[PDB]
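The structure appears right after this line, and notes come after that.
Every read-out reported here was derived from the displayed coordinates using simple, explicitly stated rules and does not represent laboratory data. Counting neighbours? That spans all protein chains shown, and the Cβs are built from the backbone with ideal geometry, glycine included.
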RNA sequence: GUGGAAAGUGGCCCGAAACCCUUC
C-alpha cells in the first residue's frame, strides 16, 4: 500500500498530539471555512467512506515513528527467544514503555520478528505555569494548563490512504489553512511505503470506533467541546490496535448544534499475522 | 464566513532585555534558548489596550456601540460579576475584561479582538500571537557560547541600617531579535480597518511601556521592526503558487507605520477586498 | 478603582556624570554582549525613590492634608518594633531592611511616594506609574570607545586606618568622569488633577539626586549626575491611536533651578 | 619549590611554540603546569592585570568589532616587554616566565590570523590566570 | 465541522554601608 504522508513542521508547542479524530474535526472546520457550507464533510461523506486519515507520531529527524502493532503484546516471549535468559526486562521496555517505533522496527515489529524499541522520543510534556494578571492590580492565580513541546528538528505527521484527487481537493488545501499560540504549522507532503503482510487481522492506525468487534485493544475516552456544548465521551479504541474482522465502523452523528457534528473513527488496515487468540 | 489570516511577521529587539519569568528564570523549552511566549505578548497587548479603552470609553460610544453600558471602573468594590463598571471576570484574584455574551462582543473593540468566554458566550479571539523564537542570527551566535541570558542582581536597600539583600533576576541579554509573528483572522470585513489599526495601536503602546516581568525599572523597552504585512484571502489555500500581498519591509517604524504609510498599504489590500 | 491612563510624558535623560560612577555587579555592570558601562534603570529608580521618601519623611508635617493617606503614619522608624506594620512611615520587611509600601490600594492611591513608585503586599500592589529605562551609554561615547581612549578606567583605594598602615587595597573600576548615559524616563499620566503635583513632585527628587549621588560609594565622590534634559515631551492617546507625527514638545534649554517652566508645563496641555 | 620539569614544561610551550592547530587538552594539560611554575615564583596579579585588559578589549573587538587585531596586537606585544623592563629584582627574576610564552606565541600569531585562530590563544590566556590562585 | 472558547509568572525592591595608595 503506497499511502502518502503529510508531515506537519511545527514552529512551536502543540496542545496535544491530535488523536486521529481531532484532525477530522479540524478538517471539518477547514472545509467549513473554505468552499462554502455544503462542500463540507456531508459532501465528503462517501469520500472519507473509502479513504482514511489515521494520525500518528512525530518523527525527530526523518524516522517516521509508528505507534505499535498491538499484536505482539500476547506472545512477546514467543518473539524474543533469541536473547539471553535476562530477556524479561526488555519485554517491560516493549510492553510498558511501548509507545512508538521506527519503521524498520515496525515492518518487523509485526510479522513475528524481534524488533527494537527507540528512545529518541520528541516529547517535552512540560508544565508551563502560565498567566497571572489583573488589569489594575496583582493577581496570584497560578493556573497551569500544560502543553506539549517538541525537539529541534521534529514534527507530527499523519497518513493518507486514498486517491490523490480527493486528497488535493479537501485535505491538502486544508493542511495549509491551519497555519494562545499553539497552532504552529508548516505543511510538507511526502510519500511512504510499508511492507504490510497478509490481511487476516491487522492494525487500524487510528483512533477507532468499531462495529462491535473486539480483538486485543486499548480503550479510550475522548471528550471534545466542538463548538460549545460538550460532546459525549464516545468510547474509542486507542492508537493502533487490531480490529480486522471486516471493519468500517461508521462515523457517529451527534446532537447539540444546528448542523450535526459527527465524529470520526473509521479505520484503515495494515498487515499483521498475530500468534493466537 | 472567512476571508482572513493576515500575517504580520517581524523581529522584536529587546533593547534592555526581557524577564518573562517562570532564582527567577526565563521560559526555556527544550534547547536552553529563551523565547517570548505568545501568551505574554497577547496578554500585555490586551492590558495596554483595555486600559486605553477604559480611559476612552465615554467618548467613542457610537463607534463600538456595545461599549456604552460600562461607565469606567473596576468591580472590585462591589464584589459581583456583570456589574456595570467596566470589567468583571473574577478568576481567582483578578478582574479582566470579557464581554459575557457573543452578541455584545461583536462590537466591543477590545473584546472582539481577543475574544470572550464564561457562560454561553464563546467568542474566538480573532488573533493568533505566535511565540517568537530567536531568529537565526542569535541562534548561530548562541552556538559558540555568547551567554544568551544575563544574571542581574538587585537589592532592597534600607535607610535606617542601609543593609541590602540579593534578589537575582537572570534576564535576557539586552539586544536580541526574536522573530516576532502575528496571525489575524479577517472575518467581518467592515470591522477590519479599525481592528488592525487597534492592534497597531496596542503594539504602539509597547515600545513605550514594559513587556516581560519586572518592568518600569528597565527590563522592557522592546521594538517591533516588522517586515512583511501579508494576506491570505481565499486563494492562498485552494492554490498558493502566487497571488498574495507583500508589503514594504525595511525601516517601518511602528509609530510611523500606524497611519503615515498604512493607507498606502491598506489600498493594495483593498485591491483584493473579497 | 481605576488605572485609566492618558499621558506618558517622557524626559530624554542625558546624565553626563562627572567625578566618577561606580555601579556594582558580579566592577561595572555590563552583563550583555557589548561590554560597556550602563546605568540599569533600577539603580536609578531606587535611588530616586529612597531619596524622595527621605524627603517625605521630614516634610510630612506640612503637607499632611494634601495626600491625605500620608496622615496614617509617624516620621519614625520601624527598626525597634519588628512588626511588618506599626503605624510609622517605614514598613515592609524585604528580607532585613524596610521600605515604604502602602499595603492597600486606596491608601496607596493618595500617598505622595507610593502613587509614583508602586505598592506591593496583600491584595493591593499599585502599578508604579513611572517607567525608568535602563540608561545605556550614548552613541557618541560608543564611537569614542571604538577609537581607543578607553572608558571605565580603574581606581585603587586603600583601607589606611589609624594603625600602622599596612592597608589592604581594593580596586573599584569606576566609569570615567564625563559619560553621556542617554537616559530616558516615562511617567504614566492618569486623571489630570492627579498629574501636575506628580512630575513637579518627581523632579524635586531628581533635583535632590542632582545634589546627592547615585551608584555606589557616593560618600567619597562617585556622583554628580547633572540631568541635562533633552525632550520634556508628552505623547497623548490622541496619536497612539492615530499617529500623525505630532506631539507636544517642551524646551530643554539648560535645566530648572526650581521649576521655571512650571508655566510651560501647561503650554498646550489639557490632559 | 621550583623544579626543572616546570621550566621544561615552559620550554615545551616555548620550543613547541605551535599550539594553534593542537588539541584542546594540549592547552589545559600544560596551562596548569605553566601556571604552577608561574605560581612557584611570586607573580602577583596586579602587574599582570594590565595585560588581561588588553586581551578582553581585543576579545570584544573579535566579537563583531572589526576583522582582526592588526595594530592593537602590538601593544599587547609591547606591554609584556615593558613590564619586563619595569620589573626589578624580585620580579624580573620571576616575571620573565610569563613573558617567555606570549611573545613566541604572538610572533607568528601576528600573521593576522582568524578570530577562530586567536580564540585558541585567548583561551590559553584565560587558562593561565586562575591557577595563580590554584 | 479542533478535550474548546476569553487568561502578561505579574506587582514592590539603589548592588548598597564604610575604606586617605599610603607608610616605612
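Quick notes on this one:
- Over the stretch A:89-169, the Kirkwood radius and the radius of gyration, each from Cα atoms, give a ratio Rg/Rh of 1.20.
- Rg(Cα)/(2.2 N^0.38 Å) for the stretch D:6-55, N = residue count: 1.25
- Rh by Kirkwood over Cα pairs, then Stokes-Einstein D for chain D at 0.692 mPa s and 37 °C, µm²/s: 216 µm²/s
- One quarter of the surface of the convex hull around the alpha-carbon atoms of the stretch C:95-155 equals 7.6 nm², the direction-averaged projected area.
- Pairs of Cα atoms in the stretch B:127-207 fall into 10 Å distance bins, from 0 up to the last occupied one, in shares of 14, 26, 23, 21, 13, 3, 0 percent.
- Peptide B:208-214 is shielded by partner chain Cβ atoms: per residue, an average of 3 of them sit within 10 Å of its Cβ.
- By average C-beta atoms within 10 angstrom, highest first, the peptides B:38-44, A:254-260: B:38-44, A:254-260
- Compared with the alpha-carbon gap, the fully stretched path from residue A:104 to residue A:43 is longer by 18.2 nm at 0.36 nm per residue.
- The tail of the calculated P(r) for the stretch C:196-246 beyond 16 Å holds 60 percent of all Cα-Cα pairs.
- A P(r) calculated from all alpha carbon pairs of the stretch C:78-121, with 10 Å bins opening at zero, reads 31, 54, 15 percent.
- Angle between chain D longest axis and helix D:115-129 axis [Cα atoms, degrees, rounded to 10]: 20 degrees
- Relative to the 2.2 N^0.38 Å rule of thumb, the protein assembly as shown has a C-alpha radius of gyration ratio of 1.13.
- The Cα atoms of the stretch C:56-103 cover 32, 19, 14 Å along the three principal axes, with the biggest extent listed first.
- Over the stretch C:153-271: Rg over Rh, Cα atoms, Kirkwood Rh: 1.16
- When the alpha carbon gyration tensor of chain B is reduced to an equivalent ellipsoid, the three semi-axes, largest first, read 33, 28, 16 Å.
- Rg/Rh ratio calculated on Cα atoms of the stretch A:83-242 (Kirkwood radius): 1.02
- Take the convex hull of the alpha carbons in the stretch A:141-193; its mean projected area over all directions comes to 5.7 nm².
- Relative counts (whole %) of C-alpha pair distances in chain A, using bins that are 5 Å wide: 1, 5, 11, 15, 17, 17, 13, 9, 5, 3, 2, 1, 0, 0
- Cα point-scatterer Debye curve for the stretch C:175-214, base-10 log of I(q)/I(0) at q = 0.14, 0.21 Å⁻¹: -0.46, -0.82
- Neighbouring partner chain Cβ atoms per residue of C:88-97, average, 10 Å criterion: 4
- The Cα trace of the stretch B:51-147 gives Rg and Dmax of 18.7, 58 Å, the first to one decimal, the second as a whole number.
- By the helix-only formula, in which each DSSP H run with n ≥ 4 contributes -39500 (n - 2.57) and the sum is divided by residues, chain B has a 222 nm mean residue ellipticity of -6500 deg cm²/dmol.
- Placing dummy labels 7 Å off each Cα toward the beta-carbon, the span from residue B:117 to residue B:22 is 2.2 nm.
- For the stretch C:1-82, alpha-carbon Rg relative to the globular expectation (2.2 N^0.38 Å, N residues): 1.58
- With contributions of -39500 (n - 2.57) from each DSSP H run of at least four residues, the per-residue ellipticity at 222 nm computed over chain A stands at -2000 deg cm²/dmol.
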